[PDB]
Amino acid sequence: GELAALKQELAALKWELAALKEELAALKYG
Amino acid sequence: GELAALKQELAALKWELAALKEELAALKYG
Amino acid sequence: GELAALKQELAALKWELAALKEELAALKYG
Ligand code: NA
Ligand code: NA
Ligand code: NA
């Protein structure tokens, strides 16, 4: 499961990056 | 295969992280 | 070697995203 674990971590990091972008947009415009 | 796909995803995530940093910095300095 | 390098990059990106979360919280507070 070594590659599968890295794939799951990358998917989580991609979700966290999207959430940070949404938080920055809220700060910029809100 | 799987390792090539993970390498490509990591490269894209690093590019989008740099883009987020630049936007955040621009907001902070502005 | 490539798997080890990708694991190291993903671990670093976790810390980078946490630091960006802290910067966004500071912008919220400022
Ligand atoms: Na085994
Ligand atoms: Na999603
Ligand atoms: Na902090």
# chains A, B, ... in the order shown; residues from 1 in each chain; ligands from 1

call {"tool": "residues_around", "arguments": {"residues": "range 17-21 of chain A", "least_positions_apart": "2", "cutoff": "9 Å", "atoms": "only C-alpha atoms", "output": "ChimeraX atom specification"}}
result
/A:12-15,23-26 /B:13,16-17,20 /C:17,20-21,24

call {"tool": "write_last_selection", "arguments": {"atoms": "N, CA, C and O atoms", "output": "PDB file, in the first residue's frame"}}
result
ATOM      1  N   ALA A  12      -5.772  14.458  -0.354  1.00  0.00           N
ATOM      2  CA  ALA A  12      -6.095  15.272   0.839  1.00  0.00           C
ATOM      3  C   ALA A  12      -5.438  16.648   0.688  1.00  0.00           C
ATOM      4  O   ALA A  12      -6.096  17.644   0.991  1.00  0.00           O
ATOM      5  N   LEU A  13      -4.183  16.706   0.267  1.00  0.00           N
ATOM      6  CA  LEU A  13      -3.460  17.997   0.097  1.00  0.00           C
ATOM      7  C   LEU A  13      -4.157  18.833  -0.986  1.00  0.00           C
ATOM      8  O   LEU A  13      -4.254  20.055  -0.844  1.00  0.00           O
ATOM      9  N   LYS A  14      -4.641  18.226  -2.051  1.00  0.00           N
ATOM     10  CA  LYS A  14      -5.355  18.941  -3.136  1.00  0.00           C
ATOM     11  C   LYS A  14      -6.636  19.553  -2.578  1.00  0.00           C
ATOM     12  O   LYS A  14      -6.938  20.698  -2.890  1.00  0.00           O
ATOM     13  N   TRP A  15      -7.358  18.824  -1.748  1.00  0.00           N
ATOM     14  CA  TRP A  15      -8.599  19.313  -1.093  1.00  0.00           C
ATOM     15  C   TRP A  15      -8.243  20.486  -0.171  1.00  0.00           C
ATOM     16  O   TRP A  15      -8.955  21.491  -0.195  1.00  0.00           O
ATOM     17  N   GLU A  23     -10.825  30.243   1.236  1.00  0.00           N
ATOM     18  CA  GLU A  23     -10.640  31.130   2.408  1.00  0.00           C
ATOM     19  C   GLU A  23      -9.997  32.435   1.951  1.00  0.00           C
ATOM     20  O   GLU A  23     -10.437  33.503   2.421  1.00  0.00           O
ATOM     21  N   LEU A  24      -9.015  32.382   1.061  1.00  0.00           N
ATOM     22  CA  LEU A  24      -8.374  33.616   0.564  1.00  0.00           C
ATOM     23  C   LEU A  24      -9.396  34.442  -0.219  1.00  0.00           C
ATOM     24  O   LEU A  24      -9.423  35.668  -0.022  1.00  0.00           O
ATOM     25  N   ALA A  25     -10.227  33.834  -1.059  1.00  0.00           N
ATOM     26  CA  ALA A  25     -11.253  34.584  -1.815  1.00  0.00           C
ATOM     27  C   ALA A  25     -12.201  35.272  -0.824  1.00  0.00           C
ATOM     28  O   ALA A  25     -12.571  36.428  -1.050  1.00  0.00           O
ATOM     29  N   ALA A  26     -12.596  34.585   0.239  1.00  0.00           N
ATOM     30  CA  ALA A  26     -13.510  35.143   1.258  1.00  0.00           C
ATOM     31  C   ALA A  26     -12.844  36.362   1.916  1.00  0.00           C
ATOM     32  O   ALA A  26     -13.523  37.361   2.165  1.00  0.00           O
TER      33      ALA A  26
ATOM     34  N   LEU B  13       0.331  20.490  -8.078  1.00  0.00           N
ATOM     35  CA  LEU B  13       0.011  20.997  -6.721  1.00  0.00           C
ATOM     36  C   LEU B  13       1.050  22.055  -6.321  1.00  0.00           C
ATOM     37  O   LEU B  13       0.665  23.093  -5.763  1.00  0.00           O
ATOM     38  N   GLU B  16       0.256  25.290  -8.128  1.00  0.00           N
ATOM     39  CA  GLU B  16      -0.945  25.967  -7.586  1.00  0.00           C
ATOM     40  C   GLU B  16      -0.654  26.512  -6.189  1.00  0.00           C
ATOM     41  O   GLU B  16      -1.184  27.561  -5.859  1.00  0.00           O
ATOM     42  N   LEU B  17       0.187  25.871  -5.394  1.00  0.00           N
ATOM     43  CA  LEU B  17       0.612  26.404  -4.079  1.00  0.00           C
ATOM     44  C   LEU B  17       1.355  27.726  -4.298  1.00  0.00           C
ATOM     45  O   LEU B  17       1.109  28.679  -3.548  1.00  0.00           O
ATOM     46  N   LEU B  20      -1.139  30.422  -5.082  1.00  0.00           N
ATOM     47  CA  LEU B  20      -1.875  30.829  -3.858  1.00  0.00           C
ATOM     48  C   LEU B  20      -0.975  31.742  -3.020  1.00  0.00           C
ATOM     49  O   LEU B  20      -1.453  32.766  -2.537  1.00  0.00           O
TER      50      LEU B  20
ATOM     51  N   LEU C  17       1.345  23.914   3.605  1.00  0.00           N
ATOM     52  CA  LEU C  17      -0.099  24.240   3.668  1.00  0.00           C
ATOM     53  C   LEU C  17      -0.475  24.710   5.077  1.00  0.00           C
ATOM     54  O   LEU C  17      -1.278  25.640   5.199  1.00  0.00           O
ATOM     55  N   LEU C  20       0.528  28.288   5.381  1.00  0.00           N
ATOM     56  CA  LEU C  20      -0.395  29.171   4.637  1.00  0.00           C
ATOM     57  C   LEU C  20      -1.681  29.349   5.439  1.00  0.00           C
ATOM     58  O   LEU C  20      -2.202  30.470   5.479  1.00  0.00           O
ATOM     59  N   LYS C  21      -2.186  28.304   6.080  1.00  0.00           N
ATOM     60  CA  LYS C  21      -3.375  28.435   6.957  1.00  0.00           C
ATOM     61  C   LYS C  21      -3.114  29.486   8.051  1.00  0.00           C
ATOM     62  O   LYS C  21      -4.009  30.282   8.344  1.00  0.00           O
ATOM     63  N   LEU C  24      -3.254  32.973   6.514  1.00  0.00           N
ATOM     64  CA  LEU C  24      -4.659  33.355   6.251  1.00  0.00           C
ATOM     65  C   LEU C  24      -5.347  33.742   7.566  1.00  0.00           C
ATOM     66  O   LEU C  24      -6.105  34.716   7.569  1.00  0.00           O
TER      67      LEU C  24
END

call {"tool": "interface_residues", "arguments": {"of": "chain C", "to": "chain B", "cutoff": "8 Å", "atoms": "only C-alpha atoms", "output": "list in words"}}
result
residues 2, 3, 6, 10, 20, 24 and 27 of chain C
